[PDB]
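Accompanying notes for the structure given below.
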Ligand SMILES: CC(C)(COP(=O)(O)OP(=O)(O)OC[C@H]1O[C@@H](n2cnc3c(N)ncnc32)[C@H](O)[C@@H]1OP(=O)(O)O)[C@@H](O)C(=O)NCCC(=O)NCCCC(N)=O
Ligand SMILES: CC(C)(COP(=O)(O)OP(=O)(O)OC[C@H]1O[C@@H](n2cnc3c(N)ncnc32)[C@H](O)[C@@H]1OP(=O)(O)O)[C@@H](O)C(=O)NCCC(=O)NCCCC(N)=O
Ligand SMILES: O=C([O-])CC(=O)C(=O)O
Ligand SMILES: O=C([O-])CC(=O)C(=O)O
């Protein structure tokens, strides 16, 4: 009855035509200009990609297919007795552009439970990895190793016509999303619960709930946090490091497994997703140096030392946002409702009153406001997940939803190889005159 | 006496200033414009990155720090009694911009022999991988797993000042290049020479020669081919999928190991480096269907069928070149000197007279000429390396030289996070009016 694949089959040809015509009329229209500073500056401010699933406004933050976070909270189906949106529903919205029904949502949940299964070579590999290998590296290696199972890789090798690429990318996408929590939970248990098992999938629960059970958490509020977490970290337009990496690698026709693993190596960067872990380590040194209940003057001193030592203050600033991240707000709000008296929370709250000011005073950051990473780990710590080197893995699990939803569309729309032109400083000087 | 690290220490501050001033004067100068078609077209034709090591001219092909392939052949140091350039020398040129002395070259060779050593967890992992796991996937997973050894990851975690990033990236770069051939050779032996050992590094040989010995090849001409192969596949400006992926991931501060593994997942794409393998599989079906000595009319038919089935003809076309790739020419020339009567070579030569014509007739490809991938495997097959699913691994090994040479410079120059702005079709329509 419900079948996302049949819905996409109808949607595809219509978008194809729409884009065709628009390009007929405006393909040559100029949308911007490229300056020397932009090339030197990591393409800052260059409109360079088409990415359909979400769009980020510098002032307002993220919109998923046109809806803001509050809107999603309000419109997406929730679990029975739940308050937080189910990520299954978000996935539906990203892929189709339509708010799903609860019936649609449960189908997604069953599909994902049905496809969750790991091959033994992956299991062995994880089980044989050393404990000093970072969780993200263990994750990226496992997903890379899962490509032996790719249906897209296989169909390509069989010579399938390019028009059908999307159908195979869709299947690998749904298989990958299904498997992710098992890989992630296996890493968690091996490293932190040595000798225990992740157990089995219950085809009757939502994806978030089977994940938390594999992680070994019983608290129902924890289940709720995970639903919210997994929904909000899902996508953030196409230019962010991880989504752009998946997009660029996927453009070459590498399979979804290879494309997502590469993305993961981009998310593990300190300036990207690893910031969530970096925030907790910075907070821990803080409370350690200064000891728990600090004065404002002492916090400022602490921030200045970081700055003066040639380092960044993690969880603050953004390449495109210019105001406080609604993802940060959304987390604050969860904390105020559920763990208002937590001391770490209280510390994060205090920093909100100080860090921006210090950053403004320094005068280098364009955006002195916090980003999602400044508020995430604090919530996780409260429930007992104190292993901070594992936090980025949660972000990776969520990010699969967004990048994979777009990957289907990239192939459906026939986007070609991403291949811009590069320049040397010497060549660029000549192009202009020099300086 | 020779110490690349000391040479870079002098070079860095001077480039830093040069770029500073130029940007002072021309930062706001416009170098191009962005159109709708470019955003939809994988940034085709957009000048979007600064990449110092090599620059590609659409007509003339690649230049490494200003030198063309023939120039390199002629200027770079060769092995005693050799004719082909040593890749060690190319690495020196890319990193410093200067042609090295043979003495400099040997230092590079010793450094690389000294640093070649694998940790046991990597060894185990490879040894436990299944034979149906693609060689590239085995490679990318191993490099990802090697990050436990990253000196950059470690220094970052210790809070090093951003000004010293390059020094740690340099060390991981030289360690990674050193280790690559051992990882690659281990994959080769496990898959195709089960029960044998790669053996040991001889600190007295060039990198290419220790690699071929680990692969188990004795032919001296094979050693020569490998030197040439590894030199020519080294770099191809910054916008190619693999180099751009390494650049983008590295921009987030992920370590060289993570950045190169991600690049490898991009090189494994059929539209990128896997084309080398794809060419040999296409040639094998050819000679199989048509049987060895084909008529021109039969070859055309064969090409048309591929085209008509919604597939690409591998080894032809390019995102930026508009003429025959000098890398292809350079290989042809090697074949004419060493294996002129090889039947497969003869087939490749015949296709040169037909494929372009067919592509032009079809009218879709912008560049109907061959690229490097159309001539590489044929040479490898001649010497006995007939395992075509492993060819891309050789390309990866070579590509480390270029991307890693630039990675050092990216951090030395303080390039920031690569983060362009994306757009949805709907948002873009509105920006203009629609169509
Ligand atoms: C996120 C980001 C990399 C954005 O980079 P950008 O767009 O290049 O930032 P920008 O235009 O404000 O940078 C201007 C200057 O301010 C500095 N600055 C910016 N944010 C800073 C921060 N939090 N702490 C210290 N310095 C900072 C920049 O590093 C740069 O200095 P430089 O000229 O000497 O290089 C940056 O704000 C940063 O480094 N933040 C800290 C790391 C972090 O929290 N990352 C997580 C982002 C969210 C996510 N998960 O991806
Ligand atoms: C290399 C490349 C992806 C360049 O892509 P591009 O810059 O998008 O190519 P383009 O502007 O000529 O494409 C225009 C049209 O011609 C088609 N075309 C281009 N090269 C083709 C080829 N070899 N066979 C069939 N069709 C081809 C394109 O796929 C496209 O058709 P579409 O409009 O229906 O999408 C393309 O030429 C190709 O697919 N080649 C075959 C694969 C290959 O040899 N890759 C190796 C490249 C070298 C390397 N190692 O990276
Ligand atoms: O938008 C970006 O550049 C980074 C970010 O916050 C995300 O990827 O979630
Ligand atoms: O230049 C490109 O886009 C691809 C290519 O030939 C290479 O990476 O060697």
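If you go along the chain as it appears here, the first residue is 1 and each next one adds 1.
Determination method: X-ray crystallography, 1.6 Å.
Each Cβ is built from the backbone N, Cα and C atoms, and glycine gets one as well.
Residues or ranges marked as active site by Swiss-Prot: A:272, A:318, A:373. Per Swiss-Prot, the feature oxaloacetate binding site maps to A:327, A:399, A:419.
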Cβ within less than 8 Å of chain B, restricted to recorded positions A:318, A:327, A:373, A:399, A:419, yields A:419
Residue A:272 (active site) and residue A:373 (active site), Cα-Cα, nearest whole angstrom | 9
Cβ-Cβ under 8 Å from residue A:399 (oxaloacetate binding site), same chain, 6 or more residues apart: which ones?
-> A:233, A:234, A:235, A:242, A:243, A:263, A:267, A:273
In Å, rounded, how far does the Cα of residue A:419 (oxaloacetate binding site) sit from the Cα of residue A:272 (active site)?
-> 23
Candidates A:272, A:318, A:327, A:399, A:419 (recorded positions) with CB under 6 Å from ligand 4, in sequence order, are A:419
Cα-Cα distance linking residue A:272 (active site) and residue A:318 (active site), given in Å to the nearest integer | 10
Reading the DSSP string in three states, the entry for residue A:399 (oxaloacetate binding site) is helix
Number of other Cβ atoms within 10 Å of the Cβ of residue A:272 (active site) across all protein chains = 25
Around residue A:318 (active site), how many other C-beta atoms are within 10 angstroms of its C-beta?
-> 23
Residue A:272 (active site) in three-state DSSP notation = coil
Expressed to the nearest Å, what is the distance separating residue A:327 (oxaloacetate binding site) and residue A:272 (active site) at their Cα atoms?
-> 15
Residue A:419 (oxaloacetate binding site) -> DSSP, reduced to three states, gives coil
Based on DSSP, name the secondary structure state of residue A:373 (active site): helix, strand or coil.
-> helix
Recorded positions near ligand 1 among A:318, A:373, A:399 (Cβ under 6 Å) | A:318, A:373
